[PDB]
Amino acid sequence: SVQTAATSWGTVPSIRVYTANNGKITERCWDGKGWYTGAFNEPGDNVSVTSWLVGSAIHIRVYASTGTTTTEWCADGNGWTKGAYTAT
Amino acid sequence: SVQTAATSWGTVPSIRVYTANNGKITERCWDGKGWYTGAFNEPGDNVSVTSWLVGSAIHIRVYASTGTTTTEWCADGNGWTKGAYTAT
Amino acid sequence: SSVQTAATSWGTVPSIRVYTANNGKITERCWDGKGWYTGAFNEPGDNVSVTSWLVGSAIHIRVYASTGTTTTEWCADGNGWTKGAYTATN
Ligand SMILES: C[C@@H]1O[C@@H](O)[C@@H](O)[C@H](O)[C@@H]1O
Ligand SMILES: C[C@@H]1O[C@@H](O)[C@@H](O)[C@H](O)[C@@H]1O
Ligand SMILES: C[C@@H]1O[C@@H](O)[C@@H](O)[C@H](O)[C@@H]1O
Ligand SMILES: C[C@@H]1O[C@@H](O)[C@@H](O)[C@H](O)[C@@H]1O
Ligand SMILES: C[C@@H]1O[C@@H](O)[C@@H](O)[C@H](O)[C@@H]1O
Ligand SMILES: C[C@@H]1O[C@H](O)[C@@H](O)[C@H](O)[C@@H]1O
């Protein structure tokens, strides 16, 4: 079975749903006007997500794992960047 | 092992915990006064959840997956509060 | 297979907590603005979820750790991590 993770923000709301399927994580997006495919596409067998607002600006962190390696992906308004997270 | 997803809201808080076990997802609930089994019962091998407030009203989305098929389930509302009635 | 994670965050700094189940043990990595560090949480589990809420400026965290058909709730309220009253069934 695929594995999903979800976040949301605001009152509209916006929702982002990440799905790990066959070693790849993809993103479906809701901003009030229908589901669409988001920009996020990265390798992983497992996904988690959290997000927070700074005023009206959304920040998202997606944790993608394959084997024992977890990579953090960051959305801070300009598209996705690798974060500093290490699992240790 | 069973797989869970959790969400919470307010400052009481209210918590909802969803558990996928043997292809069924069930819901346990906390609103300050003990754990109880919720109405949510739907098929799934994997679950995620998110929730947001609009004023006092909570809105919940549960993402239930079996195979490659993810179904979104939706609920919302206002929990129990004392009303204006007086016997005057 | 792959490790399994859960994440929560609060405030605007923000603070982030990332729980990882790896080979039957869940550990915690923490961000409070100044670098990632290993947290106090360390308990058994193959699967993990988490939620948290603020009461004013006080964070409260609940981690749901599952092994087999047993899910244990762990509570962070300022007294270390304690076992909560959650059970999966009546
Ligand atoms: C916030 C939205 O709520 C309903 O409109 C659903 O049909 C959508 O899929 C979304 O969850
Ligand atoms: C907040 C951002 O919203 C859309 O632009 C998506 O395409 C990105 O992947 C991200 O989720
Ligand atoms: C909130 C922080 O944002 C960026 O600085 C990342 O590189 C960190 O790992 C963290 O996610
Ligand atoms: C909120 C707390 O932050 C750090 O003190 C961690 O070591 C604890 O495990 C908890 O996450
Ligand atoms: C919010 C509540 O906090 C404690 O009372 C736990 O024992 C409960 O199970 C619940 O998590
Ligand atoms: C918010 C709602 O609380 C109720 O008591 C539950 O039975 C519903 O399934 C839902 O979680």
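Protein chains get the first letters and strands the later ones, always in sequence-line order, with residue 1 at the start of each. Heavy-atom basis, side chains included; hydrogens, waters and symmetry copies ignored.
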### Summary
Result for side chain to side chain contact (heavy atoms under 4.5 Å, CB included) between B/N46 and one of A/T4, A/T19, A/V2 points to A/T4
### Summary
Applying a strict 4.5 Å limit to non-hydrogen atoms, the region of A/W30 in contact with chain B is neither
### Message
Please check this pair: side chain of A/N21 against backbone of B/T68, looking for a donor-acceptor N/O pair closer than 3.5 Å.
### Response
no
### Summary
Output for pair (B/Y63 OH, A/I15 CD1), nearest 0.5 Å, gives 3.5 Å
### Query
Are there more than 12 heavy atoms of other residues, nucleotides or ligands under 6.0 Å from atom CG of B/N41?
yes
### Query
Quick one: which of B/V49, B/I60, B/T50 gives a side chain to side chain contact (heavy atoms under 4.5 Å, CB included) with A/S8?
B/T50
### Query
Which residues, numbered in order, of residues 69-88 of chain B come under 4.5 angstrom of chain A by heavy-atom distance?
B/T70, B/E72
